[PDB]
């Protein structure tokens, strides 16, 4: 009996092959085969295959797309215990009171890389960075911390008279037109939404609050790089962090590999700052769904059970590049990194409260491209956040 597993990441396909070889040794009635399809056309192809009965037994879904499949009965109900799976990914795949996929991988949450040498030089202990709060009111603690951490070529900090924003040598932070690392967390941390019911919905009080704050950090405080540096250069801030030029660099686990490889100074990871509604990180996960039209539904059930076990899911995290969604399997990931001198807890701890889903779905790419020029102007400090969001929303939706 052959069960086929469909997915889109190659290194993970390698890890699956190692996982399923271990499965078949304890369950030799079943051979599992992986089937790579490139990310760029995965969903358009899965849509055709599912629709006409030739999709694989097991396939990867994201949050963006599973809904259409779940409603039309394409997907098996995941009828197991869920206490050992990331709650974030579990919620991501629950619809009408049913779990529709076995959680496989998670992004985890956003955190704050810091350059400890640059903290030491400014008189800041790394623990201080874990208790920061952003706000439009006078309960804010982020801004003065970023100000202390932003230095011009004369040694004048951002809050000092004389400070020259043209001559900044060291930025405190990476506030920028950068959804995943920055503004999606600000919106959620303000109680706003970015997307609702497959439509862009960021024209709302919370998002207004978030964008005013960010606009201010960049154009008025000068504690993050100018928007011309970062609008359409997604890597600018990370490169400045690597060059020893940025105190705090707010990002996800995707920057762990690029940071560990090249960073020559002492560094760590601290918590996401809290907003008016707490520390709310963007997150996103991947689940493996069972095909309801599978020729061998029992064997699929055995394979899904293994994929969701400590032992099976451990394989995806053993290389420290993808994070297991099984909670008991995640120490393979922590260990990978602790041995390389990095504590990864803040990326995980942040999930322990409320969250915002990574936006996605049909017509999203096109919508995201359409809002882009308006967001660029907004981060350039031009016009008004209010008027910009209203026009950007109408434009994003039209394109969708």
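Positions refer to the first chain, counted from 1.
Engineer: Mean CA temperature factor from the deposited coordinates, higher in 15 to 23 or in 373 to 381?
Structural biologist: Of 15 to 23 and 373 to 381, the stretch with the higher C-alpha B-factor average is 15 to 23.
Engineer: Output the stretch having the higher mean C-alpha B factor in the entry; the candidates are 281 to 289 and 75 to 83.
Structural biologist: It is 75 to 83.
Engineer: Just grab whichever of 101, 226, 161, 191 has the top CA B-factor as deposited.
Structural biologist: Highest C-alpha B-factor among the listed options: 161.
Engineer: Per the entry's Cα B factor values, which of 212, 301, 148, 196 stands out as the maximum?
Structural biologist: The C-alpha B-factor peaks, among 212, 301, 148, 196, at 301.
Engineer: With respect to C-alpha B-factor, does residue 273 fall in the lowest, middle or highest third of the chain as deposited?
Structural biologist: Its C-alpha B-factor, which the entry lists for residue 273, ranks in the lowest third among residues of this chain.
Engineer: Taking the C-alpha B-factors as the PDB entry records them, is residue 338 in the lowest, middle or highest third of its chain?
Structural biologist: Ranked within chain, residue 338 CA B lands in the middle tercile.
Engineer: Going by the recorded CA B-factors, say which third of the chain residue 348 sits in, lowest, middle or highest.
Structural biologist: Tercile = lowest for this residue's CA B-factor.
Engineer: Rank-wise, by C-alpha B-factor, drop residue 324 into the lowest, middle or highest third of its chain.
Structural biologist: For residue 324, the deposited C-alpha B-factor lands in the lowest third.
Engineer: Sorting the chain's CA B-factors, does residue 119 end up in the lowest, middle or highest third?
Structural biologist: It belongs to the middle third of the chain when residues are ordered by C-alpha B-factor.
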